[PDB]
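Chemist: Okay, handing you the structure first.
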Amino acid sequence: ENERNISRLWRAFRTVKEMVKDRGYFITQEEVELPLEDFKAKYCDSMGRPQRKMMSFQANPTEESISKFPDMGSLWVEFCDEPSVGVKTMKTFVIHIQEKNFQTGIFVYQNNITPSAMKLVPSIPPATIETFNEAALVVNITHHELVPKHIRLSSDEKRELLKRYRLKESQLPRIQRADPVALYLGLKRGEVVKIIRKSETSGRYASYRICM
Amino acid sequence: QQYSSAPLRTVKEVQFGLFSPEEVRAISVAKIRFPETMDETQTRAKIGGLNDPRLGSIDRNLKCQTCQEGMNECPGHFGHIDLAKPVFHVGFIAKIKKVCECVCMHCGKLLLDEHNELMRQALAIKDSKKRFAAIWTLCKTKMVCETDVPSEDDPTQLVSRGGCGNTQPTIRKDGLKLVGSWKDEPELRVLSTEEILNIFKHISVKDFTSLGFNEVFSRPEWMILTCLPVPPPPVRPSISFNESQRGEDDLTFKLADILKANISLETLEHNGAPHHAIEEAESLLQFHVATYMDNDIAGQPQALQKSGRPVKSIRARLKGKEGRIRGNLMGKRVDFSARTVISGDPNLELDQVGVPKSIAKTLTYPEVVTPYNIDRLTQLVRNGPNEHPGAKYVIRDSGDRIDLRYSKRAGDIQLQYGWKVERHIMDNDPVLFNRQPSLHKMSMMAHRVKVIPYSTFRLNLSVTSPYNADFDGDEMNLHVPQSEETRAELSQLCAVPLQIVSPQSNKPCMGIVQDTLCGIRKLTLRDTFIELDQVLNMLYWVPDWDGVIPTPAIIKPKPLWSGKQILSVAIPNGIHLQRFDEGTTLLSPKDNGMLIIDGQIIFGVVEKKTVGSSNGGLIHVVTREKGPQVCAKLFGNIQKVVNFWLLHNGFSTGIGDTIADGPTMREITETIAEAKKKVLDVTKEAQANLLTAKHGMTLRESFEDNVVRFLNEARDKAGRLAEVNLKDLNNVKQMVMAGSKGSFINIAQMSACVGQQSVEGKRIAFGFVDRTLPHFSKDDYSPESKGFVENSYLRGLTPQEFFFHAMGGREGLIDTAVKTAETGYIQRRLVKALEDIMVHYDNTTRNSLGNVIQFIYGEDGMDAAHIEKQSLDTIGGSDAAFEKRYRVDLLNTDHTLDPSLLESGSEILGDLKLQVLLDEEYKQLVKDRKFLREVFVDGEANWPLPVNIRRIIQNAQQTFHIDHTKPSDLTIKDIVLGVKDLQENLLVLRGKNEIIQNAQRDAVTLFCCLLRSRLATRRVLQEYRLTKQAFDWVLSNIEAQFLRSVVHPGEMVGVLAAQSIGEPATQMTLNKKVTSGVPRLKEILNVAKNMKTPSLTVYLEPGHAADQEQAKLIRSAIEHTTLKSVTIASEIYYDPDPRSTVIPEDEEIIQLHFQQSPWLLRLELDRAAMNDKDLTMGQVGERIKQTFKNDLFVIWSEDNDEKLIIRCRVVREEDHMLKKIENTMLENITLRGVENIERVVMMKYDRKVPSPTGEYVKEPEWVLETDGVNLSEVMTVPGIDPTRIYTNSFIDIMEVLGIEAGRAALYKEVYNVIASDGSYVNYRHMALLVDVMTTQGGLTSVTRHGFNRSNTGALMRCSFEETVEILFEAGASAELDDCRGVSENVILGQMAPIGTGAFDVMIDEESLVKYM
Amino acid sequence: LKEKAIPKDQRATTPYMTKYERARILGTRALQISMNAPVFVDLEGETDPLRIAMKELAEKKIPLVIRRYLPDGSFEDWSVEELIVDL
DNA sequence: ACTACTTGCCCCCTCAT
DNA sequence: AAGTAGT
RNA sequence: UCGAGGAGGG
Ligand SMILES: *CCc1ccc2ccc(OC)cc2c1
Ligand SMILES: [Mg+2]
Ligand SMILES: [Zn+2]
């Protein structure tokens, strides 16, 4: 009853580790398949109640991610225990970000980030902050039948795409910035995603969309 | 028409803009001061005041006094009118007001600065119109023109900005005036046009360029009219219906109105001007200038002519189907056209058109006089216009044109080289033939003229199907090309034989029809034998006959030929067809199937499946193998032998062909009897409350759903009872077997029973109170009351059956009529939305902006006409039968290549390196089996692909006389490396970089899986028995037909896709029960926000396919319910003792759940309804209690107490608080389930899935269907498969799963709309449409709100809808039109950059001397 | 610009002639032949200018170049003599 | 939440400026 | 009238 | 020679 609610949080913790692994950070497959029991074994208090500030974690880029993107900085993933994120925990996490000096910071909120806290979202450039609702994270949408492989292209990969097809970026298919998968990849504006989907005319077809 | 020395060019760009008054006064050739059109003495002169004061001609005298040219030249010259006061341009009052709200008045300055943040980011919007929308949104509410602003460095000490002080007014539109208010009461002043003019004239150049305007082409100040251009007479011409009478145009009068009001305002200004008296003569001048451009203004009286009818505004001229754009530019009336009734002809070739002589004497082609034709043309001129092979006109180089009807010299014209002769249409002239409506490109096709008598166009009957032409009185159109190169465009692109195999359905679109199809079965019958006397006639009837009488199958007492034998004389050599119909063996005992070898029929009755528009039929094969022209001759030769034989065999159909033959009737009525007895049983059931409803369905709905199935399941039984009783001589059965006309239901309704009539799905409703007709007692649900027709058409309907059947027929006719406007308009929106899409010379599929829609057309780069459905032999069967077929183990004496199959057989046993090759071959075939089962999940193997390899190999087996005995001279290196080498020659793209080369392996992947699956070593050696000869030849043919199958850059894929979808939408005789094709397609194409059947298909977790209880648990887990669904009644009592109770049935359960309010709320719940949803009174009360927390003291009876009661009291003077708490409980609060989910049905879908052995097995699973969508919530439910869930609401799929998944669901839905009506449309058309709708990032509706708001050129967008408003914004924003859109070059009369215009043709001087 | 002309040793389009190229060549030629233009083949009795153009194309004695435009103004020139003519 | 909107193949007679 | 875009 | 309205055809 209270027990069935903690399972959903565990499912979102999973989908977060999958999203971090996919974006290009060093996460193992063991950390992803963190089983059901071992979650409450680590993040539950004496009463068996999930303590969320324990769940936050840093993540570093993989070797080949730094080879493909040298400036892929380190990422920090803070969770909040209070179901309404006050502006006090925001400036705590925010000054945390520039203090430890990160590039990307992901904030998972339980129910509602106030209009006061979300004011400090673009307050630490050149670093970006993404805000994720907990319930939209229980299922990884990318595991769906209809969601094909999305791959973030490098600045040189995209420059080569535009050259080899004689294209201005206006002539490229577009992906919305608020698109679920673009949010999943932390897709920023102008970044081109390469979409590999299976086909029935050919075996496999490669399309590209650009952000906004 | 006359020669001009000016250089002739084509329009490259159209630069839109607005007229400055100065430029009008500049190009003005007259002042235009008097409304008098005429000399005022009516002396047939025109006054120096309005009509021709230097403006052009209305007479036959060298006029256009500026041009000295006279009409047919001097296109018209403009004058001006200086307006006495500025007036609005009616088309910009909306934008003027919008600009008025962005700028300060009395200070021409933008309200919001770069000192504002949201502004400086809206300022950076690269688009012009969208930036103006963001600026107007940010500025419509800043009302104070601020003069200083908090700086970027410190909000304390702020920064100045040279700002207006004054407050900005709140503006509102009243009629054609703009009124505003300021800032204890307000003040309202109307804004004078001159005030707005002076403020616009002071707007900074950066500010209005930020507002989307153009410093040189369209300043904002020019939306206000100061000097008004006067169009010349050719825009508003006169009329001469008598002599001393001339009717002036509506526009000339409306101008005279403007001029009258202007002179009134000018004298009132120049004189003593009473303020009110002149400030309403101005309102009248504004009214006339407004209604002169638009007289269809909203919320205003129309400007009415003397006769009451409104004056046609200029906007009215361009807008609408019959306006300027739609009815004069995108479509025209044309010369050199003809139309008459059509008829059929068994004796015309497929690509001929019969032209009556009277039309051939009228239509005329201009032939240039060359030494090759001067003799023939000179003879045609001698015959003149009265005999058929003659001519009408002769054009000399001078230009003046000789009329052979009248010219005195028509006898002795001696022609000269270079002269044109306009000769009559003669035999074999290519002409364009069309029947309307023209839905797909095959509705217009190029034929060969054959001049004939009798006033009717004559068609070959195999060409009826693409035109949708019958001979019940149709007319068809004929257009005669006039250039030597438009004839070439017809004969080399639009010719009928080229259009046989259509890209819409990758199958033929022409077949053997009607008489010839019915007769080719009777002729093909096994016991159909032809005598010698008749054989020789059938042979001489085939024109391409070789003169070799074939040896008769029967010699014996008398020589007899078979029907198959003689028909085979029409089948050319090199043709191989195999088709097993059903229980077909190679012995074909039922003469079933089809086996043609080298163009000779070996067995099988010939019918629709062989010679129709069938997928693998004879026509699709001959067309691919031998060519368009050989297949076109194949039609004529079959329609000549079969038609001749049928002419002498005869064929009829009588009323005896409907006789049910005695006892079969007796056994039919018995069948209807025991059916009318089953419904009377279920009636006494449902009348005694004994039947039980299935979930989510009324007891009554469940009842009628039963009864209907009982009835028309028995109609079909009597149907098959008569189909089986009908002998094989029954001529109707003969036509159903040949596939020429008729179907099962036809025999059923004509001979056995008609069946239940239906309206709107259900049976005949109670139009009267409780009965269908006054000849019936009330509450009569019997079959013969609700519209079951028990009698056959042979026996005859009763007045009741007759009237019910009439109701059902009217529903179909209404459906047709109500839907034709919809299908026709959907067709147009599709075409106009895809029109500018074609394949360019890099295989990318782009629109007129160069925007990529598809990187490779159809994701494979193939012409849909060069594609056949072949099977992928490497996806099914056991994992073992796979190994038995494909595995070769040179290191194993049981699994090696047998030495009988090839000559190096014994010396390769144990070859380790060769086994290394065959091992990597086998690992590639198993990699392919993996890939194929990932792509095609359900195991389907038959998929349309470019090269029919089965025929390409049967050809080799025949061409090379391959015996299944001798061993092949192939080596495993030959096969393995020959195929590995062949693949890198199957080329689509050709760039020299890893992007394009990867795109190549992508576009070629699936075909190569088929190739390796069919050219595997053991297959080539043990099944095909190929030779290094035949094998090398198969490889060269595969490479050839592959390269032939790629699309040609220039294919107007867009229109093809639109027509390929819209035309099946026409044939949809429509309508879990979900919204059907034509309405659902209207839903999809419009991006319908609130669709009609928002179902949701939820698959459950993998390890729960058969767990029915798990499915029941998820049903209860998601299916919504409220307290109302289980509440019988609620009552309010005065029970003021919280410890006692007045209602004695509540005496118990009161000391059991052992200050408050004395007022009791008492609910009674339904035991049955609680049990449908699993009761648990504790859950209900616990939810109510946790719904109100401390405020509401709640107790309830236990889960099996006889009556189910919940008592409720408030806790620490109105008592209507409880009255509102009641419906708060009944309506608001929920019990369990997801919001917006209503019904939830469990259906057990079939599902193919691979056995552990390998082969696919039916392993059905329980699935929940749904009424209502909440994807984000149902998704996160435990126990379901969150990666197989699907919704027909793709708008939701796009919002939860992304744009890509939305594209996939959008295709899945359009595909379901076509497939639900049995139709097949190839992937790439539906795919291309879905890609257009998704390429901009979201769901772009095929709608004047979606695609027509793109950045395509203004002329293209205005050719759809919202024409004049689009041209107005184009003028204000100074749009530039590339003229890359096809619609632009159509408007401009230029060769469009499509097809034969996708390139230029250059002459090369150096090759011009190499050849001489 | 006129760096719009892709050089010959860098052409990447198809080496085959398209339906529309062939139809526009046979039409253009039959038009010029019909306007008394020099013919580069033995007529051998042919008198229809289209059948003459089909004979010139059969022998690759047509002196015309097809300028294939790419979606940016880039273009490749191809002689009819180069282009393979399956159909 | 209400209002402003646009827009729904080809092919004889009667009437009245 | 349907249906949506905009106030 | 200007248009609008009605009635029909596949
Ligand atoms: C003029 C367009 C057109 C032709 C034929 C049609 C047939 C039936 C329907 O409605 C079901 C639509 C049509 C539209
Ligand atoms: Mg008809
Ligand atoms: Zn002139």
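Letters for chains follow the order of the structure tokens (A, B, ...), residue numbers begin at 1 for each chain, and ligand numbers begin at 1 in the order shown.
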With a distance cut-off of 12 Å and only C-alpha atoms (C1' of nucleotides), select the neighbouring residues of residue 735 (chain B), excluding the residue or stretch itself and same-chain residues fewer than 5 positions from it, and output the selection as number ranges by chain.
Modeler: B: 513-522, 607-608, 651-653, 657, 728-730, 740-744, 746-747
Chemist: Let me see the file: selected residues, N, CA and C atoms, as a short mmCIF file (atom, residue, chain, number, x, y, z; two decimals), in the first residue's frame.
Modeler:
data_model
loop_
_atom_site.label_atom_id
_atom_site.label_comp_id
_atom_site.auth_asym_id
_atom_site.auth_seq_id
_atom_site.Cartn_x
_atom_site.Cartn_y
_atom_site.Cartn_z
N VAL B 513 -11.17 -8.46 -69.03
CA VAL B 513 -12.41 -8.10 -68.36
C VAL B 513 -13.60 -8.58 -69.18
N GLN B 514 -14.72 -8.81 -68.48
CA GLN B 514 -16.07 -8.95 -69.07
C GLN B 514 -16.10 -10.15 -70.01
N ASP B 515 -16.50 -9.98 -71.28
CA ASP B 515 -16.69 -11.08 -72.21
C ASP B 515 -15.44 -11.94 -72.31
N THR B 516 -14.29 -11.30 -72.52
CA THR B 516 -13.05 -12.04 -72.76
C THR B 516 -12.64 -12.83 -71.53
N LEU B 517 -12.92 -12.31 -70.34
CA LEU B 517 -12.61 -13.06 -69.13
C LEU B 517 -13.58 -14.22 -68.93
N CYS B 518 -14.87 -14.01 -69.19
CA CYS B 518 -15.83 -15.09 -69.05
C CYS B 518 -15.57 -16.20 -70.07
N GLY B 519 -15.18 -15.82 -71.28
CA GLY B 519 -14.93 -16.80 -72.32
C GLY B 519 -13.61 -17.51 -72.20
N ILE B 520 -12.60 -16.86 -71.61
CA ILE B 520 -11.30 -17.51 -71.52
C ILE B 520 -11.31 -18.67 -70.53
N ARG B 521 -12.29 -18.70 -69.62
CA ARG B 521 -12.47 -19.87 -68.77
C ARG B 521 -13.19 -20.99 -69.51
N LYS B 522 -14.29 -20.67 -70.20
CA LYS B 522 -14.98 -21.70 -70.97
C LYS B 522 -14.05 -22.29 -72.02
N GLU B 607 -8.40 -17.74 -65.52
CA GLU B 607 -9.44 -16.85 -65.01
C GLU B 607 -8.76 -15.65 -64.36
N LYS B 608 -9.55 -14.81 -63.68
CA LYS B 608 -9.11 -13.57 -63.06
C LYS B 608 -7.75 -13.63 -62.38
N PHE B 651 -22.98 -17.33 -75.15
CA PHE B 651 -23.10 -17.31 -73.70
C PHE B 651 -24.28 -16.44 -73.33
N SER B 652 -25.02 -16.85 -72.30
CA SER B 652 -26.24 -16.14 -71.91
C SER B 652 -26.39 -16.25 -70.40
N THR B 653 -27.44 -15.62 -69.87
CA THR B 653 -27.90 -15.91 -68.52
C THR B 653 -29.40 -15.67 -68.46
N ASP B 657 -31.28 -19.69 -64.24
CA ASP B 657 -30.00 -19.68 -63.54
C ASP B 657 -30.15 -19.29 -62.08
N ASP B 728 -22.61 -26.82 -62.36
CA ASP B 728 -21.51 -26.09 -62.98
C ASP B 728 -21.87 -25.46 -64.32
N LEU B 729 -23.07 -25.73 -64.84
CA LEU B 729 -23.54 -25.04 -66.04
C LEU B 729 -24.29 -23.76 -65.74
N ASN B 730 -24.63 -23.50 -64.47
CA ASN B 730 -25.36 -22.29 -64.12
C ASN B 730 -24.54 -21.08 -64.52
N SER B 740 -15.66 -12.72 -63.62
CA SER B 740 -16.02 -11.63 -64.51
C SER B 740 -17.10 -10.73 -63.93
N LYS B 741 -18.05 -11.29 -63.19
CA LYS B 741 -19.05 -10.49 -62.49
C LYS B 741 -19.81 -11.37 -61.53
N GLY B 742 -20.19 -10.79 -60.41
CA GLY B 742 -20.98 -11.51 -59.44
C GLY B 742 -20.13 -12.11 -58.34
N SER B 743 -20.77 -12.35 -57.20
CA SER B 743 -20.10 -12.93 -56.05
C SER B 743 -21.09 -13.83 -55.32
N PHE B 744 -20.63 -14.40 -54.21
CA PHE B 744 -21.45 -15.34 -53.46
C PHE B 744 -22.76 -14.69 -53.01
N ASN B 746 -24.46 -12.44 -54.08
CA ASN B 746 -25.40 -12.23 -55.18
C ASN B 746 -26.26 -13.46 -55.41
N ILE B 747 -25.63 -14.64 -55.49
CA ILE B 747 -26.38 -15.90 -55.63
C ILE B 747 -27.28 -16.09 -54.42
#
Chemist: Could you give me the residues within 10 Å of ligand 1, counting only C-alpha atoms (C1' of nucleotides) and all ligand atoms, as a ChimeraX atom specification?
Modeler: /B:436-439,468,812-828,1062-1071,1077-1078 /D:9-10 /F:10
Chemist: At a cut-off of 12 Å, using only C-alpha atoms (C1' of nucleotides), what residues contact residue 15 (chain D)? Leave out same-chain residues fewer than 3 positions from it and give the result as a ChimeraX atom specification.
Modeler: /F:3-6
Chemist: Can you pull out the residues contacting residue 8 (chain F)? Cut-off 12 Å, using only C-alpha atoms (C1' of nucleotides), and skip same-chain residues under 3 positions away; I want them as a compact mmCIF listing (two decimals) with C-alpha atoms (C1' of nucleotides), in the first residue's frame.
Modeler:
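As written to disk, result.txt reads:
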# COMPACT_ATOMS: atom_id res chain seq x y z
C1' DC D 11 -20.36 18.39 -68.85
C1' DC D 12 -30.09 22.50 -71.31
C1' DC D 13 -33.59 26.36 -70.21
Chemist: Distance limit 10 Å, atoms considered: only C-alpha atoms. Which chain A residues sit that close to chain C? Return them as JSON, numbers by chain.
Modeler: {"A": [165, 166, 167, 168]}
Chemist: Write out as an MDAnalysis selection string which residues come within 9 Å of residue 6 (chain A) when counting only C-alpha atoms (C1' of nucleotides), dropping same-chain ones fewer than 4 positions away.
Modeler: chainID A and resid 2 10:11 40 49:50
Chemist: For N, CA, C and O atoms, I'd like the residues from the last selection saved as a compact mmCIF listing (two decimals), in the first residue's frame.
Modeler:
# COMPACT_ATOMS: atom_id res chain seq x y z
N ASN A 2 1.59 1.48 1.11
CA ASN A 2 2.78 2.32 1.11
C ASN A 2 3.95 1.61 0.45
O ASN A 2 4.90 2.26 0.01
N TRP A 10 11.59 3.13 -7.28
CA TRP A 10 12.68 2.26 -7.74
C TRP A 10 12.73 2.15 -9.26
O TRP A 10 13.81 2.16 -9.86
N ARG A 11 11.56 2.06 -9.90
CA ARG A 11 11.49 2.03 -11.35
C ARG A 11 12.01 3.33 -11.96
O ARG A 11 12.67 3.32 -13.02
N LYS A 40 15.64 -0.94 -1.17
CA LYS A 40 15.26 -0.60 0.20
C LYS A 40 16.35 -0.97 1.18
O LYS A 40 16.38 -0.41 2.28
N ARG A 49 11.22 3.36 5.20
CA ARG A 49 10.70 4.47 4.41
C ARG A 49 11.81 5.07 3.57
O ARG A 49 12.92 5.32 4.08
N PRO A 50 11.56 5.33 2.29
CA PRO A 50 12.63 5.73 1.38
C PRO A 50 13.15 7.13 1.68
O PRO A 50 12.43 8.12 1.55
Chemist: Could you list, as an MDAnalysis selection string, the residues of chain F having an atom within 9 Å of chain B when counting only C-alpha atoms (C1' of nucleotides)?
Modeler: chainID F and resid 1:2 9:10
Chemist: Got time to write the residues from that selection, N, CA and C atoms (P, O5', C5', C4', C3', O3' and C1' of nucleotides), as a PDB file, in the first residue's frame?
Modeler:
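Final output, again20.pdb:
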ATOM      1  P     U F   1     -24.580  36.167 -75.578  1.00  0.00           P
ATOM      2  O5'   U F   1     -23.258  37.030 -75.326  1.00  0.00           O
ATOM      3  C5'   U F   1     -21.971  36.525 -75.665  1.00  0.00           C
ATOM      4  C4'   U F   1     -20.999  37.629 -76.035  1.00  0.00           C
ATOM      5  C3'   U F   1     -20.780  38.719 -74.988  1.00  0.00           C
ATOM      6  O3'   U F   1     -19.753  38.389 -74.068  1.00  0.00           O
ATOM      7  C1'   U F   1     -21.289  39.713 -77.078  1.00  0.00           C
ATOM      8  P     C F   2     -20.101  37.828 -72.602  1.00  0.00           P
ATOM      9  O5'   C F   2     -20.909  39.014 -71.906  1.00  0.00           O
ATOM     10  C5'   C F   2     -20.237  40.118 -71.320  1.00  0.00           C
ATOM     11  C4'   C F   2     -20.902  40.542 -70.034  1.00  0.00           C
ATOM     12  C3'   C F   2     -21.253  39.422 -69.061  1.00  0.00           C
ATOM     13  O3'   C F   2     -20.150  39.014 -68.249  1.00  0.00           O
ATOM     14  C1'   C F   2     -23.133  40.852 -69.347  1.00  0.00           C
ATOM     15  P     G F   9     -30.315  12.792 -64.084  1.00  0.00           P
ATOM     16  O5'   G F   9     -29.041  12.777 -65.037  1.00  0.00           O
ATOM     17  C5'   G F   9     -29.174  12.369 -66.384  1.00  0.00           C
ATOM     18  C4'   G F   9     -27.867  12.416 -67.112  1.00  0.00           C
ATOM     19  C3'   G F   9     -26.757  11.583 -66.532  1.00  0.00           C
ATOM     20  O3'   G F   9     -26.859  10.229 -66.886  1.00  0.00           O
ATOM     21  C1'   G F   9     -25.938  13.727 -67.028  1.00  0.00           C
ATOM     22  P     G F  10     -26.464   9.125 -65.793  1.00  0.00           P
ATOM     23  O5'   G F  10     -24.873   9.130 -65.812  1.00  0.00           O
ATOM     24  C5'   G F  10     -24.171   8.602 -66.928  1.00  0.00           C
ATOM     25  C4'   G F  10     -22.680   8.581 -66.704  1.00  0.00           C
ATOM     26  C3'   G F  10     -22.168   7.588 -65.657  1.00  0.00           C
ATOM     27  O3'   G F  10     -20.906   7.058 -66.038  1.00  0.00           O
ATOM     28  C1'   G F  10     -21.512   9.784 -65.084  1.00  0.00           C
TER      29        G F  10
END
Chemist: Find the residues around residue 24 (chain C) up to 9 Å (only C-alpha atoms (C1' of nucleotides) counted), leave out those fewer than 3 positions away in its own chain, and share them as a list in words.
Modeler: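 Neighbouring residues, sequence-local ones excluded: residues 485, 486, 488, 489, 1396, 1397 and 1401 of chain B; 19, 20, 21, 27, 28 and 29 of chain C.
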Chemist: Can I get the selected residues back with C-alpha atoms, as a compact mmCIF listing (two decimals), in the first residue's frame?
Modeler:
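See result07.txt below for the written result:
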# COMPACT_ATOMS: atom_id res chain seq x y z
CA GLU B 485 8.12 17.54 -78.18
CA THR B 486 4.78 17.41 -76.36
CA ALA B 488 7.15 12.95 -77.45
CA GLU B 489 6.16 13.62 -73.83
CA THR B 1396 11.24 16.84 -68.08
CA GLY B 1397 11.99 20.24 -66.53
CA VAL B 1401 19.36 20.81 -72.33
CA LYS C 19 12.74 8.51 -68.53
CA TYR C 20 12.43 12.28 -68.56
CA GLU C 21 15.88 12.89 -69.99
CA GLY C 27 11.29 15.59 -78.18
CA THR C 28 13.82 18.40 -78.40
CA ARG C 29 15.60 16.74 -81.31
Chemist: Would you compute the distance between CA of residue 541 (chain B) and CA of residue 565 (chain B)? Give it in Å to one decimal.
Modeler: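 Here the two named atoms are 15.0 Å from each other.
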Chemist: When the cut-off is 6 Å and you count only C-alpha atoms (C1' of nucleotides) and all ligand atoms, which residues lie near ligand 3, shown as a list in words?
Modeler: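 Within the 6 Å cut-off, the matching residues are residues 56, 64, 65, 66, 67, 68 and 74 of chain B.
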Chemist: Residues within 9 Å of region 194-208 of chain A, please, as a ChimeraX atom specification. Count only C-alpha atoms (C1' of nucleotides); anything in the same chain fewer than 6 positions from it doesn't count.
Modeler: /A:147-153,172-175 /B:854-856,858-862,931-932,934-936,943-945,999,1001-1007,1009,1300,1323-1324
Chemist: Going by DSSP on the backbone, which bits of region 1151-1260 of chain B are strand (DSSP E or B)? Write them as a VMD selection string, please.
Modeler: chain B and resid 1156 1159 to 1165 1192 to 1196 1205 to 1211 1230 1240 to 1245 1248 to 1250 1256 to 1258
